[PDB]
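Q: pasting an experimental structure, sequence included:
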Amino acid sequence: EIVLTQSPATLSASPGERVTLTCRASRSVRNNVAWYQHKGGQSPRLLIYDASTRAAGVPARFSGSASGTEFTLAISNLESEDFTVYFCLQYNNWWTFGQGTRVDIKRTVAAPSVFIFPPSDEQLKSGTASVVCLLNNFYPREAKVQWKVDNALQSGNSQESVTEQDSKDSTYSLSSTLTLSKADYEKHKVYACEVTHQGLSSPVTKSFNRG
Amino acid sequence: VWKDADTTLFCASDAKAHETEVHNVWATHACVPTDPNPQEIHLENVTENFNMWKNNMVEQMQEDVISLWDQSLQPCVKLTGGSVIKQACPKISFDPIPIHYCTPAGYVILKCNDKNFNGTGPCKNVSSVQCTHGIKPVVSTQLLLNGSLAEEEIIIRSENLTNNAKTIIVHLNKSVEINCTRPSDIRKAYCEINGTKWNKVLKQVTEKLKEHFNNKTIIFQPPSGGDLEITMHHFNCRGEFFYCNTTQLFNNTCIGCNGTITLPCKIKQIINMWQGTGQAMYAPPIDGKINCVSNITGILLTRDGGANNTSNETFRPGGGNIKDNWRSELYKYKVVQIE
Amino acid sequence: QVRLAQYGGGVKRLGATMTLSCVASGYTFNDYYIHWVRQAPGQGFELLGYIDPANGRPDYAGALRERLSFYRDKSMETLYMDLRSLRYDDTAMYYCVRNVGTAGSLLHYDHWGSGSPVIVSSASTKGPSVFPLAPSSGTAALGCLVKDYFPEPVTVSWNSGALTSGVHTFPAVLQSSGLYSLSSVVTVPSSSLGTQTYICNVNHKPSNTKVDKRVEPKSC
Ligand SMILES: *[C@@H]1O[C@H](CO)[C@@H](O)[C@H](O)[C@H]1NC(C)=O
Ligand SMILES: *[C@@H]1O[C@H](CO)[C@@H](O)[C@H](O)[C@H]1NC(C)=O
Ligand SMILES: *[C@@H]1O[C@H](CO)[C@@H](O)[C@H](O)[C@H]1NC(C)=O
Ligand SMILES: *[C@@H]1O[C@H](CO)[C@@H](O)[C@H](O)[C@H]1NC(C)=O
Ligand SMILES: *[C@@H]1O[C@H](CO)[C@@H](O)[C@H](O)[C@H]1NC(C)=O
Ligand SMILES: *[C@@H]1O[C@H](CO)[C@@H](O)[C@H](O)[C@H]1NC(C)=O
Ligand SMILES: *[C@@H]1O[C@H](CO)[C@@H](O)[C@H](O)[C@H]1NC(C)=O
Ligand SMILES: *[C@@H]1O[C@H](CO)[C@@H](O)[C@H](O)[C@H]1NC(C)=O
Ligand SMILES: *[C@@H]1O[C@H](CO)[C@@H](O)[C@H](O)[C@H]1NC(C)=O
Ligand SMILES: *[C@@H]1O[C@H](CO)[C@@H](O)[C@H](O)[C@H]1NC(C)=O
Ligand SMILES: *[C@@H]1O[C@H](CO)[C@@H](O)[C@H](O)[C@H]1NC(C)=O
Ligand SMILES: *[C@@H]1O[C@H](CO)[C@@H](O)[C@H](O)[C@H]1NC(C)=O
């Protein structure tokens, strides 16, 4: 099954600039590739097919091109409506999709303020324990948040929620929630979230101990 | 020098002015008599491109056969569009005749004579004709009947712009007889096929499919679903609409069993129309023995596109798009405009 | 001019069968294959399979084939999809999509339907539990964890709307239990944690519950 890797996940851009989004296929899909715009609250809409053929009704600032297994959507003059999600499709062998790229408003780099919150006693009496890690007002969007308890990496037991890019300061904020049973929670002492972000010279760890 | 062009063809036939059979009646008023000795000029050292999937001759034959069925079939009830049509429905005489397609002045038909030509791409041995060969407008699904045969190898025809194909046409180089009978429940019928002859040909088909799809294991499965016209082998015989179950025809344990393969069939009065316009109802079958012997000359297949692949490709009997039937006979022809 | 109007989404119970429909208009119905594709939260799109509306021939993604069925009502230009034995990870926005083809091949997608949100949860209407996120012992952060309510939406405010600067309320997530959760957080001056009262007001209209939670620093 052909894999389409879209890069990057989030693209920093400014109104009026030229922006390029890439899609690399895991093997040859001929020129059978298409690009779609997906505005919030609406269904996807076709922009380009056959790598480079603009669909009917698409404005001229959108164009596409190809080179072996790499495919490029270009948006030459970013209008306000264009800061949104784009994804690619290959239709050479079944139909598969890239994960999507979001174009957002560029601003200066802002490292996240990181906070960690233990489970309240009220919840801990209910039988579950939620540990929350907050990343506040950062830019750009890409951030890695790893949970470690007694230095053991966690996996499959956390969820991340993100705000929309702020309309006034253009920053994001993010929560990562690690959920354990009460029993599993009380068997360990050190809870930590490690945050990697290009605004931090080295990854930042915020930790607490039970009690 | 000549260029590709589309123009209105006319038809020719050996139709009989005294015959009551409806193909004959249609051809008598729509075609001219067949040309005595059709000349064929061979084009020395000429290489020409053909594309059986973008050949306007196919749309023109589709129109003729639509016209023929519109004029000559008589369903008792027609549920086309949103309303019903009630008229008389006597039993008709029905047996397709060969139809030649011909070009007017200033045009010619180029014919590809490479025996292994797959349908799309260059042809190194080209000739010009005035008319096609005689093509019987047989409307069927799953199996192609009474057509012409490929002359050397079995041929797998597919447009191949993507791997996501609609229809794959297999063109056989040896015909296999299929003998269907409603003996004298009046709708119960059956088709007999020499299994030894069929299973050898189906093995060669698999071998060529293997060649075409990267040496993977070839598997046949029953149709995934849809209308009875495509989940069954559907065809017309003496004016009655047959529906035959082909499960036993594509038996996997029998390829890589001898004797007569008997497929169960039903005659149905209420059909879905292949023209794509609603449904129709015909009278119950005529009395007496109803029998049609036909040559299987091709297979219509569909390949599953969403399965885990590495080792197996799975094909399922297909059809339903009747332009595919005409395409399996017109693949070797194209119209050019002579200056 | 072309429309693919979708119906049938909403709350489906876990292990149930759902049926989605798609009313096509504005084009020759027989000439275009129709695909069913879904997007689960946080994931890219995924094709479930397609149907040829002329004759009803379906093709299916291999991992879901056994639980899917594609069919149609030709007379009514309506396409249907069944997904059987619903699971938590069948939650997704479901789309019917028109596929461009040629005489022999199927190609790109050119019109996407209006979309059907499907939520797979057997939960009945339940009000949220509200737990504090206590500020750590210049700038401090505090918040409220709003766990285990159904259905959406919940409303959160702080000090009855008096505190709006520095507040961030995160989008709810459906957990594997069938219930939603989210957090609201605000950053305040660390100099104020000894005199200011911080109360988050959680309002859940489907259950008529209004919760006010004092968020204080923790100590013995
Ligand atoms: C046939 O045509 C080719 C051009 O494709 C030419 O090179 C070749 O010499 C020709 N042969 C003869 C016998 O005319
Ligand atoms: C080429 O085409 C002619 C018909 O014009 C046919 O008789 C012949 O067998 C074909 N093959 C070769 C090798 O000439
Ligand atoms: C048919 O053969 C031509 C080469 O002349 C090739 O380009 C095309 O892909 C083939 N089509 C098939 C194998 O379906
Ligand atoms: C059926 O096949 C035989 C032998 O292959 C052939 O002589 C006959 O013309 C075929 N019949 C039709 C209707 O094509
Ligand atoms: C038909 O072609 C196949 C190759 O696909 C060959 O093995 C077989 O012998 C041919 N049969 C006849 C009767 O020519
Ligand atoms: C299909 O067409 C492609 C054209 O890019 C060609 O390379 C290939 O050989 C053909 N056949 C198959 C099986 O892909
Ligand atoms: C077809 O089958 C019927 C009944 O089984 C039989 O009478 C007839 O002779 C058969 N015809 C051929 C050509 O096998
Ligand atoms: C396919 O496999 C056969 C042996 O089973 C081998 O002889 C042949 O060369 C292979 N062809 C391709 C195209 O891999
Ligand atoms: C064909 O026959 C098999 C059993 O022989 C049956 O399971 C299948 O449902 C039949 N197909 C149709 C379309 O009735
Ligand atoms: C294949 O044929 C045999 C008899 O020759 C029959 O018993 C069997 O049911 C058929 N189907 C399969 C899948 O084996
Ligand atoms: C089927 O064909 C074989 C050879 O192709 C022949 O020997 C046999 O008599 C035919 N009829 C049967 C097996 O009923
Ligand atoms: C094929 O031709 C034979 C006579 O050559 C005829 O009896 C039979 O009905 C035809 N088959 C179809 C499906 O028209």
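A: In hand now; what should we look at? Numbers count the residues shown, from 1 in each chain, chains lettered A, B, ... in the order given. Ligands and ions are numbered 1, 2, ... in the order given.
Q: the residue of chain A found nearest ligand 3: neighbour count?
A: Relative to ligand 3, the nearest point of chain A is residue A:30 (11.0 Å; Cβ to the nearest ligand atom). For the C-beta atoms, the positions are set from N, CA and C on the backbone; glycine is no exception. Residues near residue A:30, counting by other Cβ atoms under 10 Å in any protein chain shown, number 17.
Q: can you list the domains in chain C?
A: Structural domains assigned to chain C are C:1-122, C:123-220, following curated CATH domains.
Q: against ligand 2, how distant is the residue of chain C found nearest ligand 11?
A: Residue nearest to ligand 11 within chain C (Cβ to the nearest ligand atom): residue C:57, separated by 32.6 Å. Distance, residue C:57 to ligand 2, using Cβ to the nearest ligand atom, to the nearest Å: 38 Å.
Q: what sits against that residue?
A: B:223-226, B:230, B:302, B:318, B:320, C:51 (Cβ atoms under 8 Å, 6 or more residues apart in numbering or on different chains).
Q: between those residues, which sits nearest ligand 9?
A: Nearest member of these to ligand 9, counting by Cβ to the nearest ligand atom, is residue B:223, at 7.2 Å.
Q: can you tell me the SS state at the closest one?
A: Per DSSP: H, G, I helix; E, B strand; the rest coil, the local secondary structure of residue B:223 is coil.
Q: ligand 3 contacts on the stretch 1-150 of chain B?
A: B:118, B:120-122 (Cβ under 6 Å from any ligand atom).
Q: 5 Å instead?
A: Taking Cβ under 5 Å from any ligand atom, the part of the stretch 1-150 of chain B that reaches ligand 3 is made up of B:118, B:121.
Q: could you tell me which residues of the stretch 1-150 of chain B lie near ligand 2?
A: For the stretch 1-150 of chain B, the residues in contact with ligand 2 (Cβ under 5 Å from any ligand atom) are B:42, B:113, B:125, B:127.
Q: related to what we said a few turns ago, chain neighbours aside, what residue packs nearest to the residue of chain A closest to ligand 3?
A: Nearest residue to residue A:30, sequence neighbours excluded (Cβ to Cβ, 6 or more residues apart in numbering or on different chains): residue A:92, at 5.2 Å.
Q: in chain A, which spans are helices?
A: With DSSP state H as the criterion, chain A has helices at A:121-126, A:182-186.
Q: check which residues of the first one are buried.
A: Going by neighbour count (16 or more other Cβ atoms under 10 Å in any protein chain shown), the buried part of helix A:121-126 is A:123-124.
Q: over to stretch A:156-167?
A: Quick answer for stretch A:156-167 (16+ other Cβ under 10 Å): A:158-159, A:161-163, A:165.
Q: Serialize those residues to CSV and add fields for distance to ligand 5.
A: Below are the buried residues of stretch A:156-167 laid out as CSV (distance: Cβ to the nearest ligand atom, whole Å):
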residue, distance to ligand 5
A:158, 58
A:159, 57
A:161, 60
A:162, 58
A:163, 63
A:165, 61
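Q: and which of those is nearest ligand 7?
A: Nearest to ligand 7, judged by Cβ to the nearest ligand atom, of those is residue A:159 at 68.7 Å.
Q: so that closest one is in contact with residue C:174, correct?
A: No: using Cβ atoms under 8 Å, residue A:159 makes no contact with residue C:174, being 9.8 Å away.
Q: hang on, the earlier thing: reformat the helices of chain A as CSV; add distance to residue A:134.
A: What follows is the helices of chain A, written out as CSV (distance: least, Cβ to Cβ, whole Å):
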stretch, distance to residue A:134
helix A:121-126, 17
helix A:182-186, 19
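Q: go through these and name the closest to ligand 5.
A: For those, proximity to ligand 5 was assessed by Cβ to the nearest ligand atom; helix A:182-186 is nearest, at 63.7 Å.
Q: and the contacts of that closest one?
A: A:119, A:124, A:126-129, A:131, A:210.
Q: so where do the helices sit in the stretch 201-339 of chain B?
A: B:228-231, B:323-330 (DSSP state H, counting those that start in this stretch).
Q: report whether stretch B:266-278 contacts ligand 9.
A: No: using Cβ under 5 Å from any ligand atom, we find that stretch B:266-278 stays clear of ligand 9, coming within 9.3 Å at best.
Q: need the contact partners of that stretch.
A: With Cβ under 8 Å, 6+ apart, stretch B:266-278 has contacts from B:66, B:69-70, B:78-81, B:139, B:182, B:186-189, B:227-229, B:240-243, B:279-285, B:290, B:320, B:322, C:30, C:54-55, C:74-75.
Q: can you say which of those residues are buried?
A: Using 16+ other Cβ under 10 Å as the threshold, B:69, B:78-79, B:139, B:182, B:189, B:227-229, B:240-243, B:280, B:282, B:285, B:290, B:320, B:322, C:54-55, C:74 are the buried ones among those.
Q: flag every residue of the stretch 151-300 of chain B that's near ligand 5.
A: Counting by Cβ under 5 Å from any ligand atom, the stretch 151-300 of chain B sits next to ligand 5 at B:153-154, B:173-174, B:204, B:208.
Q: residue B:64 and residue B:135 touch, don't they?
A: No: applying Cβ under 8 Å as the test, residue B:64 and residue B:135 come out as separate, 10.3 Å apart.
Q: give me the common contacts of the two.
A: Shared contacts of residue B:64 and residue B:135, defined by Cβ under 8 Å, 6+ apart, comprise residue B:99.
Q: more neighbours: which of these two?
A: residue B:135 (24 against 19).
Q: ok, what's across the strand from the more buried one?
A: In this entry, residue B:135 is beta-bridged to residue B:99, by DSSP bridges.
Q: okay, it and residue C:136: tell me how far apart.
A: 85 Å (Cβ to Cβ, to the nearest Å).
Q: likewise residue B:81?
A: For residue B:81 relative to residue C:136 (Cβ to Cβ), the value is 73 Å.
Q: and residue B:46, by the same measure?
A: Distance from residue B:46 to residue C:136, by Cβ to Cβ: 86 Å.
Q: output the buried residues of stretch A:156-167 in JSON lines; the columns should cover distance to residue A:88.
A: Shown next, in JSON lines, are those (distance: Cβ to Cβ, whole Å):
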{"residue": "A:158", "distance to residue A:88": "29"}
{"residue": "A:159", "distance to residue A:88": "27"}
{"residue": "A:161", "distance to residue A:88": "26"}
{"residue": "A:162", "distance to residue A:88": "22"}
{"residue": "A:163", "distance to residue A:88": "26"}
{"residue": "A:165", "distance to residue A:88": "23"}
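Q: ok, so of these, who is nearest residue A:194?
A: Distance to residue A:194 across the buried residues of stretch A:156-167 (Cβ to Cβ) is lowest for residue A:158, with 12.1 Å.
Q: ok, that closest one touching residue A:148?
A: No: in this structure residue A:158 lies outside contact range of residue A:148 using Cβ under 8 Å: 11.1 Å.
Q: nearest residue to the closest residue to ligand 7 within the stretch 201-339 of chain B other than its sequence neighbours?
A: Residue of the stretch 201-339 of chain B nearest ligand 7, by Cβ to the nearest ligand atom: residue B:293 (4.7 Å). Closest residue to residue B:293 apart from its sequence neighbours, by Cβ to Cβ, 6+ apart: residue B:179 at 4.9 Å.
Q: phi and psi next, for the one you found.
A: phi -120, psi 110 (degrees, to the nearest 10).
Q: residues near residue B:145, how many?
A: By other Cβ under 10 Å, the residues close to residue B:145 number 23.
Q: measure it to residue B:88 for me?
A: Taken as Cβ to Cβ, the span from residue B:145 to residue B:88 is 29 Å.
Q: likewise residue C:106?
A: 42 Å.
Q: can you check residue B:200 too?
A: Residue B:200 sits 48 Å away from residue B:88, going by Cβ to Cβ.
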